[PDB]
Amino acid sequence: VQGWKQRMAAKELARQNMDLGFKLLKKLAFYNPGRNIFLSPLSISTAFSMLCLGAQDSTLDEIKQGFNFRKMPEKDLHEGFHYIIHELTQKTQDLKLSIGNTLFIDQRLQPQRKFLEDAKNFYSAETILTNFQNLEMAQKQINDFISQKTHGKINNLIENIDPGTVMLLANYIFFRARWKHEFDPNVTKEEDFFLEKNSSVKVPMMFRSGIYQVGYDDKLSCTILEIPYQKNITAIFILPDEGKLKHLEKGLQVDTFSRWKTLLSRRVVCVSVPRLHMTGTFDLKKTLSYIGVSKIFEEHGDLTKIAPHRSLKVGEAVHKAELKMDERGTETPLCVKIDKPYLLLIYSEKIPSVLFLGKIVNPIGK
């Protein structure tokens, strides 16, 4: 198979998006406790790798350092990300997934052919001409473009545009997938979800008994539960013990994940999982401060490969992750009840990549 090198590159990139995700989640939760955090570290990485096609010198170097894209040649980096995107991008009965990367550039600028072709060929990234002299009109244009492209999955991506912006990066991902075994919707019931040790809220809770990969981590005081999707993707639920969420967050690592896998076994489990409709919106300028990346957002003369204008920078960059978790699917000595704050990892096994990383403090909250 001629796709061997692309798969190896992707496998290495996947390990690095896991590290990125845990670093981002740790920082986001430290600065914003008691809040849901829902993002795609993979989608975020595709955006800045795509920008590496048009970035030079210090800006290029700092992205590659911050995102850890330095371990392989640039050709392999782009080929690896192309493989991940192409493999995951589907509109089938079992999986609906798209990674969107749209660069909105001021109509007065001239986006260069080579960058345009590479962005489209390697990432399916598109550059759209925008009139930034009318910020209100530019915002409604951007939001309508993305709502239409995503078929109403990614809405209101932009809430504000700063004056002087000539280049806006929009990164967005949506997910719909069928479970390997569907939940019976008639068995789904409104159950208690403990926001705090005393405070509760009624949430639609899905129920099913069957064979599931399950384990317990003594080192991080947490239960691990894997629920497979029909395609080679798994939903990993990490349920900390009472008052161990902060400890679990603090201990998250790449070695953590590979150790959790050594603690799992196939067992008959009665499972209780909340239904979800998660969205997460991030200002990537503030988010990327956590991994020391900022030159891409400053004027440095490093983006001439995109458009020749001297003062060019990425003015604004936004990430939006969207997911639905319900009963849809194909066709006890242990019980795992997800009725308190938990971590959710959507993991692609075939790559293997972290598609989504979520801290769910409230399944029906923002």
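Numbers follow the displayed sequence, beginning with 1.
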Can you say how many deposited residues have no coordinates in the span between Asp57 and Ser58, choosing none, 1 to 3, 4 to 9, or 10 or more?
-> none
On average, are the C-alpha B-factors higher in 192 to 200 or in 291 to 299?
-> 192 to 200
Comparing 20 to 28 with 343 to 351, which has the greater mean CA B-factor as deposited?
-> 343 to 351
Which one, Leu129, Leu248, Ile142, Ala119, has the peak C-alpha temperature factor per the PDB entry?
-> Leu248
Whose CA atom has the top B-factor in the entry, of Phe115, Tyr172, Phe104, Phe207?
-> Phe207
Chain-wide C-alpha B factor ranking for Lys366, given as lowest, middle or highest third | highest
Third assignment of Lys320 from its chain's C-alpha B-factors = lowest
Within this chain's modelled residues, let me know which third the CA B factor of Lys75 belongs to: lowest, middle or highest.
-> middle
Would you please rank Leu334 by its C-alpha temperature factor against the other modelled residues of its chain and give the third it falls in: lowest, middle or highest?
-> highest
By the entry's values, the third containing the CA B factor of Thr92 is the highest
